[PDB]
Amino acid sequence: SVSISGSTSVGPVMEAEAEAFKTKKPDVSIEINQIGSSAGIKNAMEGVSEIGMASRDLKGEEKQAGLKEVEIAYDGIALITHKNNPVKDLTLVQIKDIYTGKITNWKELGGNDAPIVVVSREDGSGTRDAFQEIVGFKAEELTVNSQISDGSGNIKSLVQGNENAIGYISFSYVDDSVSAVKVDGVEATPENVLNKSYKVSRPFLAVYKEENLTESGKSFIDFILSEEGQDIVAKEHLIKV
C-alpha cells in the first residue's frame, strides 16, 4: 500500500524501518524498490511512487515539481579499498587526483606498485553526486578508465573482488570485508560525521508530493522520525536526525 523507490544507500535502513513499522501498523504494507536517488526522485515527481528516497539534496527543478522533503538521517560516504591495501589514509585532493586520473598507480600514494582500479557509481546515483561535489570534480572530469558499478551492492562487490580497486559507498554498507580509508586523517565513523571532522557526508531524504502522501505514508515517515525509528537509523551506521 505505500510505494517507495530510490536510493540504494537508503535501502538497508528503509527495509529495517518497514519491518519494525509492521509491528506498529500490521495493516500497512511498505513496498521498497532500490533504483538509485535520481530515479526515485523522478518517480515521486511523476506520481509513480508515493515516497522517493534520496541520498542527496533535491535539485531546484525537482523541488519545483512540488516535492516536500523530510530529512530522515545523515550518512557518511566511505572510500573503500580491498582489505589489506597498505594505503589507509587519503586527503580529499588525493582522492580527486585518483578519480580524475591524475594518479593512476597505488605507489603514487605510498602503496603497492599496482594500477588503481577506479570504481564509480552509475549516473543518477545520489552518492556519486555528493561524492563529486565534496571531492571537487565534475562528471566531465571523471577518468575514462573508471569502472561503473550499478548500485551500492555492486560497488562493494567490485572492491571485494579486486585487490587494487577503490570505490565509494554509504557507511551503511561498510563491514569487515572491505576497508574504509581515513579521510584527511579522520576515521570514517558516524561519530566523526556528527562532529564534522569527517568531511564526506550527505542527507537521507524522504520526498513526496503533499497531494499523494496517504495517512499510511505519513504514519510511516513519522515512525522513522520517532525515537524508535531513529534508533534503527543509528543501528544501520547512520547519523540521527
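Numbering starts at 1 and follows the sequence shown.
*Asks:* Please compare 175-183 with 23-31 and say which has the higher mean C-alpha temperature factor in the record.
*Replies:* Per the deposited B-factors, the answer is 23-31.
*Asks:* Can you let me know which of the two, 126-134 or 80-88, has the higher average C-alpha B-factor in the entry?
*Replies:* Comparing averages over the C-alpha atoms only gives 80-88.
*Asks:* Just grab whichever of 36, 203, 52, 60 has the top CA B-factor as deposited.
*Replies:* Among 36, 203, 52, 60, the highest C-alpha B-factor in the entry belongs to 60.
*Asks:* How does the C-alpha B factor of residue 239 compare with the rest of the chain: lowest, middle or highest third?
*Replies:* Residue 239: CA B-factor falls in the highest third of its chain.
*Asks:* Among the chain's modelled residues, which third holds the C-alpha B-factor of residue 150?
*Replies:* Lowest third.
*Asks:* Considering every modelled residue of the chain and its Cα B-factor in the PDB entry, is residue 139 in the lowest, middle or highest third?
*Replies:* According to the entry, residue 139 has a C-alpha B-factor in the chain's highest third.
*Asks:* Is the Cα B-factor recorded for residue 7 in the lowest, middle or highest third of its chain?
*Replies:* Residue 7: CA B-factor falls in the lowest third of its chain.
*Asks:* Sorting the chain's modelled residues by C-alpha B-factor, tell me whether residue 97 ends up in the lowest, middle or highest third.
*Replies:* It falls in the bottom third of the chain.
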